[PDB]
>>> print(open('protein_10.tsv').read())   # TSV, C-alpha atoms and all ligand atoms
chain	number	residue	atom	x	y	z
A	1	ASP	CA	0.00	0.00	0.00
A	2	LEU	CA	2.19	2.81	-1.41
A	3	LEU	CA	1.23	5.85	-3.46
A	4	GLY	CA	1.93	6.42	-7.13
A	5	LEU	CA	4.01	9.48	-8.05
A	6	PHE	CA	0.82	11.17	-9.32
A	7	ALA	CA	-1.32	10.37	-6.27
A	8	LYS	CA	-3.71	13.23	-5.46
A	9	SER	CA	-2.17	13.56	-2.01
A	10	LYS	CA	1.17	14.32	-3.67
A	11	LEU	CA	-0.26	16.72	-6.28
A	12	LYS	CA	-1.85	18.77	-3.47
A	13	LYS	CA	1.40	18.88	-1.53
A	14	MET	CA	3.08	20.07	-4.75
A	15	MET	CA	0.54	22.96	-4.93
A	16	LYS	CA	1.44	23.86	-1.32
A	17	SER	CA	5.23	23.38	-1.32
A	18	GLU	CA	7.70	24.73	-3.91
A	19	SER	CA	10.53	22.47	-2.69
A	20	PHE	CA	8.33	19.35	-2.70
A	21	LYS	CA	7.01	20.34	-6.13
A	22	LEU	CA	10.55	20.72	-7.53
A	23	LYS	CA	11.47	17.25	-6.24
A	24	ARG	CA	8.44	15.64	-7.87
A	25	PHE	CA	9.05	17.51	-11.15
A	26	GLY	CA	12.50	15.90	-11.01
A	27	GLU	CA	10.69	12.59	-11.36
A	28	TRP	CA	8.03	13.86	-13.79
A	29	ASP	CA	11.00	14.28	-16.15
A	30	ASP	CA	11.05	10.43	-16.44
A	31	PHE	CA	7.74	10.57	-18.28
A	32	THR	CA	6.31	12.02	-21.44
A	33	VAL	CA	3.92	14.91	-21.11
A	34	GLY	CA	1.15	12.73	-22.63
A	35	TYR	CA	1.70	10.23	-19.80
A	36	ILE	CA	1.60	12.98	-17.21
A	37	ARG	CA	-1.50	14.65	-18.55
A	38	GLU	CA	-3.42	11.32	-18.51
A	39	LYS	CA	-2.20	10.80	-14.90
A	40	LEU	CA	-3.39	14.27	-13.78
A	41	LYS	CA	-6.94	13.30	-14.81
A	42	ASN	CA	-7.85	16.94	-15.76
A	43	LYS	CA	-7.01	18.35	-12.33
A	44	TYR	CA	-4.00	20.42	-11.33
A	45	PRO	CA	-3.56	22.10	-14.79
A	46	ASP	CA	-1.59	24.82	-12.92
A	47	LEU	CA	0.98	22.16	-11.95
A	48	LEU	CA	1.20	20.91	-15.50
A	49	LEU	CA	1.66	24.35	-17.08
A	50	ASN	CA	4.13	25.36	-14.36
A	51	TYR	CA	6.05	22.13	-15.09
A	52	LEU	CA	5.88	22.90	-18.87
A	53	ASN	CA	6.54	26.62	-18.83
A	54	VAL	CA	8.64	27.36	-15.74
A	55	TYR	CA	10.51	24.20	-14.60
A	56	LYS	CA	11.23	22.67	-17.98
A	57	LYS	CA	13.88	24.63	-19.87
A	58	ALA	CA	14.27	24.47	-23.67
A	59	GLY	CA	17.72	24.15	-25.24
A	60	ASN	CA	19.01	26.33	-28.03
A	61	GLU	CA	20.56	22.93	-28.70
A	62	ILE	CA	20.13	22.51	-32.44
A	63	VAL	CA	19.29	18.80	-32.87
A	64	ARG	CA	18.77	18.70	-36.62
A	65	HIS	CA	20.38	19.91	-39.82
A	66	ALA	CA	18.39	20.01	-43.05
A	67	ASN	CA	20.38	19.10	-46.16
A	68	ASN	CA	18.26	21.41	-48.35
A	69	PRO	CA	20.10	24.72	-49.05
A	70	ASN	CA	16.80	26.44	-49.83
A	71	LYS	CA	15.20	28.81	-47.36
A	72	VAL	CA	11.53	29.73	-47.18
A	73	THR	CA	10.48	33.10	-48.58
A	74	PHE	CA	7.12	34.75	-49.14
A	75	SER	CA	6.05	36.32	-52.38
A	76	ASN	CA	4.79	39.90	-52.50
B	1	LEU	CA	-7.41	-1.32	-61.06
B	2	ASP	CA	-6.75	1.67	-63.18
B	3	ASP	CA	-9.81	1.54	-65.48
B	4	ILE	CA	-12.27	1.49	-62.56
B	5	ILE	CA	-10.40	4.29	-60.82
B	6	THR	CA	-10.52	6.71	-63.78
B	7	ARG	CA	-14.27	6.18	-64.37
B	8	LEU	CA	-14.68	6.93	-60.66
B	9	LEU	CA	-12.73	10.20	-60.95
B	10	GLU	CA	-14.56	11.17	-64.12
B	11	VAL	CA	-17.95	10.74	-62.51
B	12	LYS	CA	-16.99	12.56	-59.29
B	13	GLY	CA	-15.65	15.44	-61.46
B	14	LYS	CA	-19.38	16.42	-61.75
B	15	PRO	CA	-21.48	18.73	-59.47
B	16	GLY	CA	-24.82	17.85	-57.76
B	17	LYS	CA	-26.28	16.91	-54.33
B	18	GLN	CA	-26.90	13.14	-54.80
B	19	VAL	CA	-24.82	9.90	-54.85
B	20	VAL	CA	-23.10	8.65	-58.02
B	21	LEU	CA	-20.96	5.76	-56.71
B	22	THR	CA	-21.69	2.28	-55.37
B	23	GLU	CA	-20.96	1.11	-51.84
B	24	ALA	CA	-18.58	-1.49	-53.29
B	25	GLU	CA	-16.70	1.22	-55.22
B	26	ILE	CA	-16.38	3.40	-52.16
B	27	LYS	CA	-15.25	0.32	-50.23
B	28	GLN	CA	-12.57	-0.24	-52.88
B	29	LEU	CA	-11.22	3.30	-52.68
B	30	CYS	CA	-10.95	2.86	-48.89
B	31	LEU	CA	-9.11	-0.51	-49.10
B	32	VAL	CA	-6.67	0.57	-51.79
B	33	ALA	CA	-6.03	4.03	-50.39
B	34	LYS	CA	-5.44	2.46	-46.96
B	35	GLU	CA	-2.77	0.17	-48.44
B	36	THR	CA	-1.15	3.16	-50.13
B	37	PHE	CA	-1.05	5.16	-46.90
B	38	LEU	CA	0.59	2.24	-45.11
B	39	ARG	CA	3.29	1.83	-47.79
B	40	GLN	CA	4.29	5.48	-47.40
B	41	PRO	CA	5.70	6.73	-44.04
B	42	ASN	CA	3.73	8.44	-41.28
B	43	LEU	CA	6.08	11.42	-41.63
B	44	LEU	CA	6.00	12.29	-45.31
B	45	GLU	CA	9.14	13.59	-46.98
B	46	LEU	CA	7.98	15.65	-49.91
B	47	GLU	CA	9.68	17.88	-52.46
B	48	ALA	CA	8.48	21.20	-53.85
B	49	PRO	CA	6.85	22.39	-56.03
B	50	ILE	CA	3.66	21.47	-54.22
B	51	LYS	CA	0.30	23.02	-53.35
B	52	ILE	CA	-0.95	22.83	-49.78
B	53	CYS	CA	-4.60	22.99	-48.72
B	54	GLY	CA	-6.17	23.11	-45.29
B	55	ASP	CA	-9.65	22.20	-44.10
B	56	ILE	CA	-12.33	21.35	-46.70
B	57	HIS	CA	-15.07	20.07	-44.36
B	58	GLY	CA	-17.25	18.50	-47.08
B	59	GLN	CA	-17.35	21.68	-49.20
B	60	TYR	CA	-16.94	19.63	-52.38
B	61	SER	CA	-17.67	22.41	-54.88
B	62	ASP	CA	-14.95	24.51	-53.25
B	63	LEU	CA	-12.57	21.55	-53.50
B	64	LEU	CA	-13.21	21.63	-57.24
B	65	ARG	CA	-12.52	25.38	-57.24
B	66	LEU	CA	-9.15	24.66	-55.62
B	67	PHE	CA	-8.18	22.12	-58.31
B	68	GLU	CA	-9.35	24.69	-60.92
B	69	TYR	CA	-6.97	27.32	-59.52
B	70	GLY	CA	-4.04	24.94	-58.94
B	71	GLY	CA	-4.47	22.46	-61.81
B	72	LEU	CA	-6.03	19.00	-61.52
B	73	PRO	CA	-3.53	16.28	-60.49
B	74	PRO	CA	-0.94	15.70	-61.73
B	75	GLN	CA	-0.52	19.21	-63.23
B	76	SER	CA	0.45	20.10	-59.66
B	77	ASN	CA	1.38	18.13	-56.59
B	78	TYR	CA	-0.87	18.51	-53.57
B	79	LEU	CA	-0.63	18.09	-49.86
B	80	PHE	CA	-3.92	18.36	-47.97
B	81	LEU	CA	-3.75	18.90	-44.23
B	82	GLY	CA	-6.82	16.93	-43.12
B	83	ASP	CA	-10.43	17.68	-42.20
B	84	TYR	CA	-12.02	16.44	-45.42
B	85	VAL	CA	-15.29	15.56	-43.73
B	86	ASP	CA	-17.78	17.04	-41.25
B	87	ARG	CA	-19.88	20.22	-41.33
B	88	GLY	CA	-20.20	20.38	-45.14
B	89	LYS	CA	-22.94	18.79	-47.24
B	90	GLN	CA	-20.70	16.68	-49.47
B	91	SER	CA	-18.08	14.94	-47.33
B	92	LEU	CA	-18.48	11.75	-49.32
B	93	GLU	CA	-17.71	13.33	-52.71
B	94	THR	CA	-14.88	15.19	-51.01
B	95	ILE	CA	-13.11	12.22	-49.45
B	96	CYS	CA	-13.86	9.83	-52.34
B	97	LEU	CA	-12.22	12.18	-54.84
B	98	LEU	CA	-9.25	12.82	-52.58
B	99	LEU	CA	-8.73	9.08	-51.98
B	100	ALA	CA	-9.08	8.41	-55.71
B	101	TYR	CA	-6.34	10.91	-56.53
B	102	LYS	CA	-4.13	9.50	-53.78
B	103	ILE	CA	-4.42	6.01	-55.35
B	104	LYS	CA	-4.05	7.50	-58.83
B	105	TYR	CA	-1.03	9.75	-58.30
B	106	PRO	CA	0.50	8.30	-55.07
B	107	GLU	CA	3.92	9.97	-55.53
B	108	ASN	CA	2.27	13.31	-56.40
B	109	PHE	CA	-0.78	13.52	-54.15
B	110	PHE	CA	-0.89	13.41	-50.37
B	111	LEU	CA	-3.41	13.60	-47.57
B	112	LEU	CA	-2.77	14.10	-43.87
B	113	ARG	CA	-4.97	13.10	-40.98
B	114	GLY	CA	-7.11	15.89	-39.53
B	115	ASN	CA	-8.72	15.71	-36.08
B	116	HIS	CA	-11.99	15.07	-37.94
B	117	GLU	CA	-10.61	11.90	-39.53
B	118	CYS	CA	-11.40	10.30	-36.20
B	119	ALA	CA	-14.43	8.22	-35.28
B	120	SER	CA	-15.33	9.99	-32.03
B	121	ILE	CA	-15.33	13.33	-33.82
B	122	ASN	CA	-16.89	12.62	-37.20
B	123	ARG	CA	-19.41	10.46	-35.33
B	124	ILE	CA	-20.84	13.75	-34.00
B	125	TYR	CA	-20.09	16.52	-36.49
B	126	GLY	CA	-21.82	15.08	-39.53
B	127	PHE	CA	-19.92	12.39	-41.39
B	128	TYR	CA	-21.50	9.36	-39.68
B	129	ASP	CA	-24.92	10.89	-40.47
B	130	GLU	CA	-23.99	11.66	-44.09
B	131	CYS	CA	-22.85	8.01	-44.39
B	132	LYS	CA	-25.97	6.55	-42.82
B	133	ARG	CA	-28.32	8.67	-44.90
B	134	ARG	CA	-26.69	8.27	-48.32
B	135	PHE	CA	-25.42	4.70	-47.91
B	136	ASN	CA	-25.21	2.94	-44.53
B	137	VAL	CA	-23.23	2.84	-41.32
B	138	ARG	CA	-20.98	0.02	-42.62
B	139	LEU	CA	-19.48	2.46	-45.09
B	140	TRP	CA	-18.75	4.73	-42.14
B	141	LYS	CA	-16.69	2.01	-40.43
B	142	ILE	CA	-14.87	1.40	-43.74
B	143	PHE	CA	-13.80	5.09	-43.83
B	144	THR	CA	-12.79	4.89	-40.17
B	145	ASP	CA	-10.42	2.00	-40.88
B	146	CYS	CA	-9.01	4.04	-43.77
B	147	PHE	CA	-8.66	7.26	-41.74
B	148	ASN	CA	-6.89	5.36	-38.98
B	149	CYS	CA	-4.02	4.91	-41.47
B	150	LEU	CA	-3.76	8.48	-42.77
B	151	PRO	CA	-0.24	9.87	-42.33
B	152	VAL	CA	0.14	12.59	-39.76
B	153	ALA	CA	2.78	15.06	-40.89
B	154	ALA	CA	4.84	16.05	-43.88
B	155	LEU	CA	8.21	17.73	-44.26
B	156	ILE	CA	8.75	19.74	-47.47
B	157	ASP	CA	12.34	20.06	-48.78
B	158	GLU	CA	13.28	19.33	-45.12
B	159	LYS	CA	12.38	22.95	-44.19
B	160	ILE	CA	8.56	23.18	-43.93
B	161	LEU	CA	6.83	20.99	-41.39
B	162	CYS	CA	3.13	20.44	-42.04
B	163	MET	CA	0.55	18.96	-39.75
B	164	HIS	CA	-3.17	19.58	-39.28
B	165	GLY	CA	-3.00	20.94	-35.73
B	166	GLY	CA	0.32	22.02	-34.27
B	167	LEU	CA	3.30	21.38	-32.06
B	168	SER	CA	3.37	19.07	-29.04
B	169	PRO	CA	5.20	19.29	-25.71
B	170	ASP	CA	6.23	15.70	-26.54
B	171	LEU	CA	7.52	16.47	-30.07
B	172	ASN	CA	11.25	16.45	-29.34
B	173	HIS	CA	12.47	14.90	-32.63
B	174	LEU	CA	10.71	14.55	-35.96
B	175	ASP	CA	11.38	10.84	-36.27
B	176	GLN	CA	8.85	10.41	-33.41
B	177	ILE	CA	6.14	11.15	-36.00
B	178	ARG	CA	7.64	8.52	-38.29
B	179	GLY	CA	7.39	6.07	-35.37
B	180	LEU	CA	3.69	6.63	-34.63
B	181	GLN	CA	1.96	3.28	-35.04
B	182	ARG	CA	-0.47	3.52	-37.83
B	183	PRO	CA	-3.83	1.73	-37.74
B	184	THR	CA	-4.64	3.85	-34.63
B	185	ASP	CA	-7.37	5.91	-33.15
B	186	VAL	CA	-6.39	9.35	-31.83
B	187	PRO	CA	-5.67	9.04	-28.08
B	188	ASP	CA	-7.06	11.67	-25.71
B	189	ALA	CA	-3.53	12.96	-25.06
B	190	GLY	CA	0.11	12.81	-26.19
B	191	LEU	CA	1.93	13.37	-29.43
B	192	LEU	CA	-0.58	12.21	-32.01
B	193	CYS	CA	-3.41	14.04	-30.24
B	194	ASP	CA	-1.42	17.28	-30.15
B	195	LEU	CA	-0.35	17.02	-33.80
B	196	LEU	CA	-4.03	16.98	-34.82
B	197	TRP	CA	-5.47	19.19	-32.07
B	198	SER	CA	-3.02	21.90	-30.89
B	199	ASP	CA	-3.31	25.58	-31.80
B	200	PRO	CA	-1.00	28.61	-31.92
B	201	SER	CA	-1.94	31.35	-29.49
B	202	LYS	CA	-1.14	35.03	-29.69
B	203	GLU	CA	-2.47	35.57	-26.20
B	204	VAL	CA	-0.83	32.77	-24.23
B	205	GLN	CA	2.90	32.23	-24.06
B	206	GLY	CA	4.41	28.78	-23.90
B	207	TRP	CA	2.02	25.87	-23.42
B	208	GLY	CA	-1.59	26.49	-22.44
B	209	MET	CA	-4.51	24.12	-21.98
B	210	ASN	CA	-6.54	24.15	-25.19
B	211	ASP	CA	-10.07	25.48	-24.79
B	212	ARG	CA	-11.28	22.80	-27.19
B	213	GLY	CA	-10.84	20.49	-24.19
B	214	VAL	CA	-7.93	18.41	-25.52
B	215	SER	CA	-4.27	19.17	-26.14
B	216	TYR	CA	-2.69	22.59	-25.95
B	217	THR	CA	-2.03	26.08	-27.18
B	218	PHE	CA	1.59	27.02	-27.96
B	219	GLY	CA	2.96	30.58	-28.01
B	220	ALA	CA	5.18	32.24	-30.61
B	221	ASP	CA	8.07	31.40	-28.23
B	222	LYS	CA	7.48	27.65	-28.75
B	223	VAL	CA	7.43	28.10	-32.52
B	224	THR	CA	10.67	30.09	-32.50
B	225	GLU	CA	12.38	27.54	-30.31
B	226	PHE	CA	11.09	24.60	-32.31
B	227	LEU	CA	12.17	25.94	-35.70
B	228	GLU	CA	15.63	26.84	-34.34
B	229	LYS	CA	16.08	23.44	-32.68
B	230	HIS	CA	14.99	21.40	-35.71
B	231	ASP	CA	16.48	23.67	-38.38
B	232	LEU	CA	13.12	24.41	-39.98
B	233	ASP	CA	11.93	27.62	-41.62
B	234	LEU	CA	8.13	27.27	-41.43
B	235	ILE	CA	5.31	25.39	-39.82
B	236	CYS	CA	2.27	24.95	-42.03
B	237	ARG	CA	-0.96	23.89	-40.35
B	238	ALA	CA	-4.71	24.26	-40.59
B	239	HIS	CA	-7.44	23.37	-38.05
B	240	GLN	CA	-8.70	26.93	-37.44
B	241	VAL	CA	-10.92	29.10	-39.61
B	242	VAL	CA	-9.10	32.36	-40.43
B	243	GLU	CA	-10.77	35.32	-42.10
B	244	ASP	CA	-8.32	35.75	-44.97
B	245	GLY	CA	-7.83	32.05	-45.69
B	246	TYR	CA	-4.28	32.18	-44.42
B	247	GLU	CA	-2.73	33.77	-41.39
B	248	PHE	CA	0.83	34.17	-40.11
B	249	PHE	CA	2.00	33.57	-36.57
B	250	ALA	CA	5.31	34.25	-34.77
B	251	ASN	CA	7.12	36.43	-37.27
B	252	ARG	CA	5.77	34.28	-40.13
B	253	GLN	CA	7.44	31.17	-38.69
B	254	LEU	CA	4.05	29.50	-38.88
B	255	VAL	CA	1.10	29.81	-41.15
B	256	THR	CA	-2.46	28.56	-40.84
B	257	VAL	CA	-4.15	27.59	-44.08
B	258	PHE	CA	-7.90	27.04	-44.19
B	259	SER	CA	-9.35	26.14	-47.58
B	260	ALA	CA	-13.09	26.07	-46.98
B	261	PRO	CA	-14.45	29.46	-48.12
B	262	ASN	CA	-17.41	30.86	-46.25
B	263	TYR	CA	-17.27	27.92	-43.82
B	264	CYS	CA	-20.70	26.42	-42.96
B	265	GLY	CA	-22.39	29.20	-45.02
B	266	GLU	CA	-21.69	31.43	-42.00
B	267	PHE	CA	-18.11	32.58	-41.43
B	268	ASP	CA	-17.62	34.71	-44.59
B	269	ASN	CA	-13.93	33.77	-44.44
B	270	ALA	CA	-11.74	33.41	-47.48
B	271	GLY	CA	-10.19	30.06	-48.22
B	272	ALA	CA	-6.54	29.73	-49.20
B	273	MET	CA	-4.01	27.42	-50.76
B	274	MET	CA	-0.26	27.86	-50.36
B	275	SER	CA	1.93	27.13	-53.40
B	276	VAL	CA	5.55	26.26	-52.57
B	277	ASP	CA	7.88	26.62	-55.57
B	278	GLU	CA	11.20	24.78	-56.07
B	279	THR	CA	13.15	27.58	-54.32
B	280	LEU	CA	10.67	27.38	-51.37
B	281	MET	CA	9.12	30.72	-52.27
B	282	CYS	CA	5.59	30.46	-50.85
B	283	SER	CA	2.58	32.29	-52.26
B	284	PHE	CA	-1.15	32.14	-51.57
B	285	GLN	CA	-4.14	31.71	-53.85
B	286	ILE	CA	-7.36	32.99	-52.29
B	287	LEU	CA	-11.01	31.90	-52.74
B	288	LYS	CA	-13.93	34.17	-51.77
C	1	MN	MN	-10.07	21.36	-37.03
C	2	MN	MN	-12.23	23.33	-38.60
>>> encode(input="protein_10.tsv", output="structure tokens", more="lines below")
Ligand SMILES: [Mn+2]
Ligand SMILES: [Mn+2]
Amino acid sequence: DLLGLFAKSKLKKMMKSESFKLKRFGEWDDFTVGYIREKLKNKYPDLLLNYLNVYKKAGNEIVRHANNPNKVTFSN
Amino acid sequence: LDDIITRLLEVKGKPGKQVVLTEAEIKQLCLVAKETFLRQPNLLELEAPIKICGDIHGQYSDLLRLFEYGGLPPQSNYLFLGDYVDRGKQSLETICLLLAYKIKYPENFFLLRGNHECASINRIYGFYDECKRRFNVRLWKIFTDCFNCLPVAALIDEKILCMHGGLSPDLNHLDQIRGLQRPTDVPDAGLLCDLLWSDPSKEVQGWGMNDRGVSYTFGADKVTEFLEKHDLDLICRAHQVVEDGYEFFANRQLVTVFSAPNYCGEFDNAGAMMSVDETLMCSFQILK
């Protein structure tokens, strides 16, 4: 009789405690966002968007190079 | 079965508001198109020149206007971005023609999955009823099985990424689209859902919960970051009615193309198509 990572008791604690929240987000990183959203069961959207917009950082890592020398332009 | 397929095209190439095909013919288009979709990858790798259309929503006569403007296949190549059915009066003519041209010119003619090529949606927003009333519900399931195989995105000269909806918080590398398992329904959440459902937002930065009730909004920040990270120049998507038929987002790093003029006889919007030439110069043909 344990709790899952996405137990409601834990989501509430995350709402109430920044340090607790950060620790759990640490673990949310082991999952896809799709997985997480299904787990949240349409509650705690504030947690999910905070996770997505504040805690998660995007790179500036370029991960792809296109072999096409063309570049998109728009006509008049 | 190339003789059958051209008679089918010929006959569909005619206006009206009644059936002209048999159930068995429509069944055949669905079988053969399905096999064609499954041969080709789920992330399409296309070359310009090519003409790109957004939502049609059963507005068959407008679909014919678009082929007028652009040239009937294979005079031009086409990529459609989904939403062939629902809301309009003539979804069947619309999808049957599109599937016929896919089978006919498979290297020159392409169709992506829209969020309306999904049973739980087109159940409700008209297609199921159009099927029942003009044929039967069995023909609806046949389309469903076909739609479940529709490819999901397309990359044009490796620089323009096209999908019906938008970006995903789970879209970290493009090969993830290639790896999406095909005969599928659209799940409630996750990559495939977001590719068909997400929207750009001018009002909300980053990721926001989509008001539609599934998936997300993404801000101009997400677009900028995504194009920089994946060395892309443009995102081309549909899914939203826009007054002028096309509409730029995030310093023109994204464009929304909606091809159904005067949607539902109500919106008074223009429809658009985007032509991409060999140099990736993009231009827009408008329908009012
Ligand atoms: Mn849509
Ligand atoms: Mn629409």
>>> interface_residues(input="protein_10.tsv", of="chain A", to="chain B", cutoff="8 Å", atoms="all atoms listed in the file", output="CSV table (one decimal) with C-alpha atoms, in the coordinates of the input")
chain,number,residue,atom,x,y,z
A,32,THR,CA,6.3,12.0,-21.4
A,33,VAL,CA,3.9,14.9,-21.1
A,34,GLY,CA,1.2,12.7,-22.6
A,35,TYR,CA,1.7,10.2,-19.8
A,37,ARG,CA,-1.5,14.6,-18.6
A,38,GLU,CA,-3.4,11.3,-18.5
A,45,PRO,CA,-3.6,22.1,-14.8
A,49,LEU,CA,1.7,24.4,-17.1
A,52,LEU,CA,5.9,22.9,-18.9
A,53,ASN,CA,6.5,26.6,-18.8
A,58,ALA,CA,14.3,24.5,-23.7
A,59,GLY,CA,17.7,24.2,-25.2
A,60,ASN,CA,19.0,26.3,-28.0
A,61,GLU,CA,20.6,22.9,-28.7
A,62,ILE,CA,20.1,22.5,-32.4
A,63,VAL,CA,19.3,18.8,-32.9
A,64,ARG,CA,18.8,18.7,-36.6
A,65,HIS,CA,20.4,19.9,-39.8
A,66,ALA,CA,18.4,20.0,-43.0
A,67,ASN,CA,20.4,19.1,-46.2
A,68,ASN,CA,18.3,21.4,-48.4
A,70,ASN,CA,16.8,26.4,-49.8
A,71,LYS,CA,15.2,28.8,-47.4
A,72,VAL,CA,11.5,29.7,-47.2
A,73,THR,CA,10.5,33.1,-48.6
A,74,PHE,CA,7.1,34.8,-49.1
A,75,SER,CA,6.0,36.3,-52.4
A,76,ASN,CA,4.8,39.9,-52.5
>>> residues_near_point(input="protein_10.tsv", point="(-5.7, 11.7, -38.3)", cutoff="7 Å", atoms="all atoms listed in the file", output="PDB file with C-alpha atoms, in the coordinates of the input")
ATOM      1  CA  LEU B 112      -2.770  14.100 -43.870  1.00  0.00           C
ATOM      2  CA  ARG B 113      -4.970  13.100 -40.980  1.00  0.00           C
ATOM      3  CA  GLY B 114      -7.110  15.890 -39.530  1.00  0.00           C
ATOM      4  CA  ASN B 115      -8.720  15.710 -36.080  1.00  0.00           C
ATOM      5  CA  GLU B 117     -10.610  11.900 -39.530  1.00  0.00           C
ATOM      6  CA  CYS B 118     -11.400  10.300 -36.200  1.00  0.00           C
ATOM      7  CA  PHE B 147      -8.660   7.260 -41.740  1.00  0.00           C
ATOM      8  CA  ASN B 148      -6.890   5.360 -38.980  1.00  0.00           C
ATOM      9  CA  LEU B 150      -3.760   8.480 -42.770  1.00  0.00           C
ATOM     10  CA  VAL B 152       0.140  12.590 -39.760  1.00  0.00           C
ATOM     11  CA  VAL B 186      -6.390   9.350 -31.830  1.00  0.00           C
ATOM     12  CA  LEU B 196      -4.030  16.980 -34.820  1.00  0.00           C
TER      13      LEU B 196
END
>>> residues_near_ligand(input="protein_10.tsv", ligand="ligand MN 2 (chain C)", cutoff="7 Å", atoms="all atoms listed in the file", output="list in words")
residues 55, 83, 239, 240 and 241 of chain B
>>> atom_distance(input="protein_10.tsv", atom1="atom CA of residue 286 of chain B", atom2="atom CA of residue 81 of chain B")
16.6 Å
>>> residues_near_point(input="protein_10.tsv", point="(-12.3, 14.0, -40.0)", cutoff="10 Å", atoms="only C-alpha atoms", output="list in words")
residues 55, 56, 57, 58, 82, 83, 84, 85, 86, 87, 91, 95, 113, 114, 115, 116, 117, 118, 119, 120, 121, 122, 123, 125, 126, 127, 143, 144 and 147 of chain B
>>> closest_residue(input="protein_10.tsv", among="B:67, B:218, B:249, B:135", to="residue 166 of chain B", atoms="only C-alpha atoms")
B:218
